[PDB]
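Chain by chain, the residues:
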Amino acid sequence: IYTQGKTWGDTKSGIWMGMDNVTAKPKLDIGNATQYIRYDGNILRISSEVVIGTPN
Amino acid sequence: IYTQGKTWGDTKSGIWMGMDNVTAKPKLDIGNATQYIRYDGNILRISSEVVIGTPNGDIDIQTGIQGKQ
Amino acid sequence: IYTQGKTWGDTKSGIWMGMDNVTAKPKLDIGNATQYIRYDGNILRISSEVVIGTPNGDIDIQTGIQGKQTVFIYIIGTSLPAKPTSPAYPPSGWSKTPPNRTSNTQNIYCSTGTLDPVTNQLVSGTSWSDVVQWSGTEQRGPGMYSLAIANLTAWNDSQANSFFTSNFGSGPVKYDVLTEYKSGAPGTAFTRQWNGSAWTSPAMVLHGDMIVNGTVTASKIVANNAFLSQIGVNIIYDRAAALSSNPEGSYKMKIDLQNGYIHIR
Amino acid sequence: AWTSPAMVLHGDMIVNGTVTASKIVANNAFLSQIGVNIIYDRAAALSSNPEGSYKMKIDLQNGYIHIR
Amino acid sequence: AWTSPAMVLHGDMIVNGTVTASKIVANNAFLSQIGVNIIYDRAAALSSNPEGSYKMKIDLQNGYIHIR
Amino acid sequence: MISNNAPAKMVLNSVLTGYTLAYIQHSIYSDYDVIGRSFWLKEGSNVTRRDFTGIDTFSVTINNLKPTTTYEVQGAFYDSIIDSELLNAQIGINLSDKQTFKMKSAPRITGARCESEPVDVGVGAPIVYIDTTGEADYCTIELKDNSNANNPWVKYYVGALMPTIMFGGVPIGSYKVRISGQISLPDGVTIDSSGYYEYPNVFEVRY
Amino acid sequence: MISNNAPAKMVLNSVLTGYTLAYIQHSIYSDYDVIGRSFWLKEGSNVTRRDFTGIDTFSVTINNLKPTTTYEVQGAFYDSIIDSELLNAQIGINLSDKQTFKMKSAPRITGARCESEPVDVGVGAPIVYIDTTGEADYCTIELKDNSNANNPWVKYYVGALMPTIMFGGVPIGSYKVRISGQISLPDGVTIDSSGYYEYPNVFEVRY
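Residues numbered from 1 in each chain as written, not as in the entry; some residues may be left out. Chains lettered and ligands numbered in written order. Part of a larger assembly, values for the part shown. Heavy atoms only, no water.

Looking at the method and resolution fields of the entry, one finds cryo-EM and 4.29 Å.

Printed below as a string of structure tokens:
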């Protein structure tokens, strides 16, 4: 499932999420070419800074 | 939304995303049995190794860095 | 793509993922109002505490792992000896049990560091303690721990309390942390640190190792060991005095700030 | 100037292994064994020239205590 | 052996609460209060059997300091 | 009249048994001069006295044992007035009651095959079927590509051990399946890991 | 030379509390003439004596205790010399020093409710929001359709007790709700449950 004209390694900002019969590992990519959450089947990569929890 | 024949918290290698009416919480799972990103409304679990940011993410563009002794 | 009614960052429980045409940035929102994983085009927010890695993920499958502690009384000695240098549970020609002595001689022990049963010798580092003459008979440092539960669905304070009062027979100390996982499924696990009374689950848990190319800032840091090239501090108490006694009456302390001196007490 | 960090935790953190970082800043450190070469005052360490520090338990080479 | 960690970061870390770990490694440290059982020299601490070879040791629990 | 009473008889709880390892939770001593603990393993007609001089903890673990062998454990706290020779002679101490336990058996695999996932439409993804026999919990299972002899071993399942184990995410090809179950003990850090029992027969998975 | 010895006063190592069952770890007897161990609870107004035959194990399980009632524990071993009348008098027993512990409280439901989101197309999924006030480590919640005269109680939620509990996937009929808490004794097998508390109100699931 993806926005039109988007690929897991494209420089276009978009969403791409689906299987890969080459490795049978799910792949997820969401964000632009410099701020993204690239989840390879084996390693999860985040570019933009992340906030965990809420203050109080 | 999921790949055919896939269920949350299962050994299959699919993706699952939707509302679990049984517990009335959203659910998520991306990955195989071992390496996965599983999220339940109460708690999130990420089995696979995680990397945040990129090397030289906040490097000065005008000037580089270096070290000497 | 989204559950009906849900919108990005809306109170009602649901999910949302789609484009922001004006900003041309992908957006994602999953979870309730209080707990959620929301990712705009510039920031990723996770309200609910996240656990990364799994217990016993990076263990050797060829050989397990275990820890043990030994304390042996090992001299019929006229004078105080020099502490052993060989890291072997029976040290260099050194007895393992209190032997018999003549009236002139005395007995000296050493609080041997942690022993490794697999190697049957002192683990790397942690040399032998100072030798002290054995007269009559001879709090514990907080540490990390894990436990297995046959069928785990949520954190069990009762199980953890039973664990500590069974193994150590004294209950947990401050800053202790125990992780409980379901037997047959290490993926599902719960971790909590005991401070003051009862257990408080942390906002985040890591099971392997953490590597940071930059700096780290925290209110306080506790670790069983550290190796720092340069350290700058104003005051430094003793661990027992620092954590056990809030008033810091008893101590053996250094004071870099203000007047600098050494106090033995 | 001001800067944005890699990621921020608004609660405590637990790491079952070892944590490595270029440099550490904290208020209270409750450890059990530390290996350090040279130690200065907090302000002196933060200074451009630590030579003006109040105390130094230099250990890598000198191995002597000198109080200024 | 080369070992892949659980977390990798490249910016900076912020923790409002507290961070706990089995052990720590860092080039620099700027602290305010420290409570430690024993203090060693980095060369001795990294080396096996530190108390066999240590430039200066202080045992806060036993109120002892030694310089060779 | 002055005396030094012997430590009370040691009481052992149920023996948690893992292959090549053991866990015994005993009682709390009360005498004022208890300085060590010991246990007399009895395998067949062979007796091994395992002694632990650490009194700090109240749980113990024998590092080395013989796989799949019934044992006998008798434990006892001893005072300072007991010497190595006296302890060896079991003189002047109160020994625990007899207890019988048996060791565990490492997991072993019977078969491996490729099956297509039953689906209502389309090409169902392959799912690997392996039948497992043994004694462990959350046994790990791996695979190795057979194209080359240097291919890495890749973990694919750590779930609970079952008579039949299934999992997905296996690329099409030929693999040699490897299993080595794990079993923990109450102790904080003691984890038991068996050797690798790989399947002699290579199997191939295809759509 | 001949003499008699009273059993050494034991030390209660620890006590784990259940809102109906009490677990105590105590030292081991050291005298041959010991025949049994006894305990003397204190409700704060009436003193209750409890004893358990056999001294095989280091632990005990006191039953039939009033929930939400702090108690004081003191007991020791009594040998064959001690008589029932003398034991009641507690003259020569040389019991252990008292120790005070707080007995936990059974779970209760503060309120019962159910709400669901209106939907443009389709049907809003029923959900149940129920707020508790207990302190059990983990609690199970049952349900029963009250419209029929007699229906079997059915479990629908199993998990940790929380200020607010959310669950769904339940049929449409009006229901009665009972809540029970279960706390695990130090022994893995034994689990202490609670008397089922039932909300007096009866409500239809929000459809």
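Chemist: Give a description of the overall build of chain D that names residues and reports values.
Modeler: The helix and strand inventory of chain D stands at 1 helix and 5 strands. Scanning chain D from its N terminus toward the C terminus, one meets helices and strands in the order β-β-β-α-β-β. Rg of the C-alpha trace for chain D: 16 Å, well past the compact-globule value of 11 Å for 68 residues, more than 25% over. Viewed in the frame of its principal axes, chain D has a C-alpha envelope of about 40 × 35 × 20 Å. Looking at the 68 residues of chain D, the share that counts as buried comes to 54%. Within chain D, residue pairs in contact and separated by at least 24 positions form 0% of the contacts whose partners lie at least 6 positions apart. As displayed, chain D offers around 3,200 Å² of accessible surface, 56% of which is attributable to carbon and sulfur atoms. (Helix = DSSP H or I, 4+ residues; strand = E, 2+ residues; numbered from the N terminus. Rg over C-alpha atoms; globule rule 2.2 N^0.38 Å. Buried < 20%, exposed > 50% of the residue type's maximum accessible area, 1.4 Å probe, protein only. Contact = heavy atoms within 4.5 Å. Areas by Shrake-Rupley, 256 points an atom, 1.4 Å probe, with all protein chains shown as cover.)

Chemist: Quick rundown of the nonpolar core? Include the residues and the values.
Modeler: Grouped together as the largest cluster of nonpolar side chains are 74 residues, with contacts concentrated most on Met 204 and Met 210 of chain C, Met 7 and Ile 34 of chain D together with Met 7, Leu 9 and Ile 34 of chain E. The biggest single contributor to this core is strand β2 (residues 13–36) of chain E, with 10 residues. When sequence neighbours within four positions are dropped, the list of residues in contact with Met 204 of chain C reads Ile 52 of chain A, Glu 49, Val 50 and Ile 52 of chain C, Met 7, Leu 9, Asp 12, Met 13 and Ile 14 of chain D together with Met 7 of chain E. Core analysis: the next-biggest nonpolar cluster, separate from the first, contains 23 residues, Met 10, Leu 12, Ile 55 and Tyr 78 of chain G among them. (Core = buried A, V, L, I, M, F, W, Y, C linked by side-chain atoms within 4.5 Å.)

Chemist: Hey, could you go over unusual backbone geometry for me, with residue numbers and the actual values?
Modeler: Positive phi is not limited to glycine here, since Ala 24 of chain B has a value of about 55°. Turning to its location among the elements, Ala 24 of chain B is positioned in the loop between β1 (15–20) and β2 (25–31). Classification of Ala 24 of chain B by relative accessible area gives buried; the value is 5%. Although it is not a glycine, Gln 90 of chain F adopts a positive phi angle of roughly 55°. Structurally, the position occupied by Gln 90 of chain F is in the loop between α1 (84–89) and β8 (100–101). Its relative accessible area of 35% is what places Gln 90 of chain F among the partly exposed residues.

Chemist: So what about the interface of chain C and chain E? Which residues, and what values?
Modeler: Facing the 52 residues of chain C at the interface are 49 residues of chain E. For the pair chain C and chain E, the summed buried area comes to about 4,300 Å², and 56% of that belongs to carbon and sulfur atoms. Here chain C is connected to chain E by 1 salt bridge. Of all elements in the fold, only β16 (204–206), β17 (210–223), β18 (226–232), β19 (235–238) and α2 (239–244) of chain C reach the threshold of two or more residues within the side of chain C that touches chain E. Residue contributions to the side of chain C that touches chain E peak at 14 residues, all from β17 of chain C. The pairing of β18 of chain C with β2 of chain E spans 6 bridges and is parallel. Residue pairing across strands places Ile 231 of chain C opposite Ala 29 of chain E, the latter belonging to β2 of chain E. (Buried area = accessible area lost by both parts, 1.4 Å probe. Salt bridge = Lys/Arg side-chain N within 4 Å of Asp/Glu carboxyl O. Pairing = 2+ DSSP bridges.)

Chemist: Can you break down the sheet that holds strand β9 (residues 114–116) of chain C residue by residue, with the values?
Modeler: With antiparallel pairing, 3 strands are arranged side by side in an open sheet as β6-β9-β10 (chain C). Strands with a single pairing partner mark the edges of an open sheet, and in this sheet they are β6 (68–69) and β10 (121–122) of chain C.

Chemist: Hey, could you go over the sheet that holds strand β15 (residues 199–200) of chain C for me, with residue numbers and the actual values?
Modeler: Residue and element names in this part refer to chain C. Spatial ordering of the open sheet is given by β12-β13-β14-β15, a layout of 4 strands whose pairing is mixed. Where the open sheet ends on each side, the last strands, each with one partner, are β12 (144–149) and β15. When β12 meets strand β13 (residues 176–182), the two strands line up parallel, connected through 6 bridges. Bridge pairing in β13 places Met 144 opposite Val 177. Contacts from helix α1 (residues 157–167) reach β12, β13 and β15, with the element oriented near 120° to β13. (Axes fitted to C-alpha atoms, helices over the stretch in contact; angles between N-to-C directions.)

Chemist: Lay out the environment of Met 19 of chain A with the relevant residues and their values.
Modeler: Secondary-structure assignment places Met 19 of chain A in the loop between β1 (14–18) and β2 (27–31). When the C-alpha positions of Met 19 of chain A and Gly 41 of chain A are compared, they lie 9.3 Å apart, and in sequence the two are 22 residues distant. The residues contacting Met 19 of chain A, other than those within four sequence positions of it, are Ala 24, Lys 25 and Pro 26 of chain A together with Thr 3, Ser 13, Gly 14 and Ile 15 of chain B.

Chemist: Account for the interface of chain B and chain G, with residues named and values stated.
Modeler: Each side of the interface is counted separately: chain B has 5 residues, and chain G has 6 residues. Where chain B abuts chain G, roughly 450 Å² becomes buried across the two surfaces, and 56% of that area is made up of carbon and sulfur atoms. The largest per-residue losses of area from chain B upon contact with chain G belong to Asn 21, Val 22 and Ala 24 of chain B, which jointly make up 69% of the total buried on that side. Viewed at the interface, chain G and chain B are joined by 0 salt bridges.

Chemist: Could you give an account of the environment of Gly 18 of chain A, naming the residues involved and the relevant values?
Modeler: Tracing the chain through its elements places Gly 18 of chain A in strand β1. Spatially, the C-alpha atom of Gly 18 of chain A lies 10 Å from that of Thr 7 of chain A, the residues being 11 residues apart in sequence. Once residues within four sequence positions are removed from consideration, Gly 18 of chain A is found in contact with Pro 26 and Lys 27 of chain A together with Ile 15 of chain B.

Chemist: Kindly report on the arrangement of the chains, identifying the contributing residues and their values.
Modeler: By number of contacts, the leading pair among the 15 pairs of chains in contact is chains C and E. Without any contact between them, chain A and chain G keep their closest C-alpha atoms 18 Å apart. Across all C-alpha pairs, the smallest distance from chain D to chain G is 21 Å, and the two are not in contact.

Chemist: Mind laying out the state of the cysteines, listing which residues take part and the relevant values?
Modeler: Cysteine pairs can be linked by a disulfide, which is a covalent bond between their two sulfur atoms. Tallied over the entire structure, the rule returns 0 disulfides over all chains. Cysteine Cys 139 of chain G remains unbridged, with the sulfur of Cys 114 of chain G as its closest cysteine sulfur at 19 Å. (Disulfide = S-S within 2.5 Å.)

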